[PDB]
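Shown next, in structure tokens, is the structure this report addresses.
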Amino acid sequence: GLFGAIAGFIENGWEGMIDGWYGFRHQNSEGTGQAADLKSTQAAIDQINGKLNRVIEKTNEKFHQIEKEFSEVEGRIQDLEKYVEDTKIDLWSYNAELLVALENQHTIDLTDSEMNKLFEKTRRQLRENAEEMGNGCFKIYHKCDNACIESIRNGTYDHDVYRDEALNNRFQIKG
Amino acid sequence: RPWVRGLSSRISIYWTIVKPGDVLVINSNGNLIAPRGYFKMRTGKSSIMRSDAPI
Ligand SMILES: *[C@@H]1O[C@H](CO)[C@@H](O[C@@H]2O[C@H](CO)[C@@H](O[C@@H]3O[C@H](CO)[C@@H](O)[C@H](O)[C@@H]3O)[C@H](O)[C@H]2NC(C)=O)[C@H](O)[C@H]1NC(C)=O
Ligand SMILES: *[C@H]1O[C@H](CO)[C@@H](O)[C@H](O)[C@H]1NC(C)=O
């Protein structure tokens, strides 16, 4: 969408991630692992639910109106009676069509935004300790066990603690 | 007129709403199908629907 993250720099999606909408996957010295991000997931869910409320269950209440089906040909009034209703239905059909279009464009660009936001949140936490591959992955230039990976996932990663190590590898010498 | 239920004559129905403080006066020297009273009128959420759906 507008943000170029989902169906853009992030190749495809994980049918495997079933505990969230957004999350992480990693590989360190000891192995691999994966875990869903709740925050971004709730932002997306929350916005879509808000949007869903405005649309859903908001019906008017109408009682006696005009007639809309006729047994005999009459002329001037029934023409008008039919034109009024027909006119009403087309303007309402335009209304529905446009709403779903604008709503859907919006939901897509929105969820795109939330992926990318996560990405920039993580990018900023990692400071000079990581470089971006460009497929949604950061190459962490220092040893990061699962606990280290988790500190990132829950935003408590302290980059000063791993700076010198990281810098060194990011800028090694041919020697 | 076309025979209906054996008759070829008809009745034409009419109505007259009488607002409070007003008064109704019927005058006729023939062919009247006189009223017997009045129906009370209400304004509410009612209406009618042509339908063959089972309630
Ligand atoms: C004016 O013309 C109309 C139409 O020709 C006449 O109406 C007809 O009246 C007769 C009365 O004999 C009706 O007869 C009845 O028919 C029914 C159904 O067939 C039956 O139940 C009875 O046994 C009887 O024969 C006839 O149906 C009816 N036709 C129509 C269209 O209404 C009317 O009498 C004429 N008046 C004069 C002065 O010519
Ligand atoms: C650190 O992140 C969240 C903050 O609420 C906490 O609930 C989570 O469980 C923490 N991670 C671990 C493994 O405790």
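FYI, nothing fancy with the structure tokens labels: chains A, B, ... in order, residues from 1 per chain, ligands from 1 as they appear.
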
Env. residues ligand 2 / 9 Å / only C-alpha atoms and all ligand atoms / as a ChimeraX atom specification: /A:147,150-151,153-156

Neighbourhood of ligand 1 at 7 Å, counting only C-alpha atoms and all ligand atoms, reported as a list in words: residues 1, 2, 3, 6 and 8 of chain B

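Closest approach to chain B from the set A:138, A:162, A:94, A:63 is made by A:63, with distances taken over only C-alpha atoms.
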
Chain B residues near chain A (10 Å cut-off, only C-alpha atoms) as number ranges by chain: B: 44-50

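The coordinates place atom CA of residue 132 of chain A at 18.3 Å from atom CA of residue 113 of chain A.
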
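Put simply, atom CA of residue 26 of chain B is 24.2 Å away from atom CA of residue 42 of chain B.
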
Long-range neighbours of segment 32-34 of chain B as a list in words, 12 Å cut-off, only C-alpha atoms, 3 positions minimum in chain: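 The contact residues come out as residues 10, 11, 12, 13, 14, 15, 25, 26, 27, 28, 29, 37 and 38 of chain B.
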
Strand (DSSP E) positions in segment 2-173 of chain A, given as number ranges by chain: A: 22-27, 32-37, 130-132, 138-140

Selection near segment 34-37 of chain A, 9 Å with only C-alpha atoms, sequence-local residues under 5 positions removed, as a ChimeraX atom specification: /A:17-26,42,118,153-154
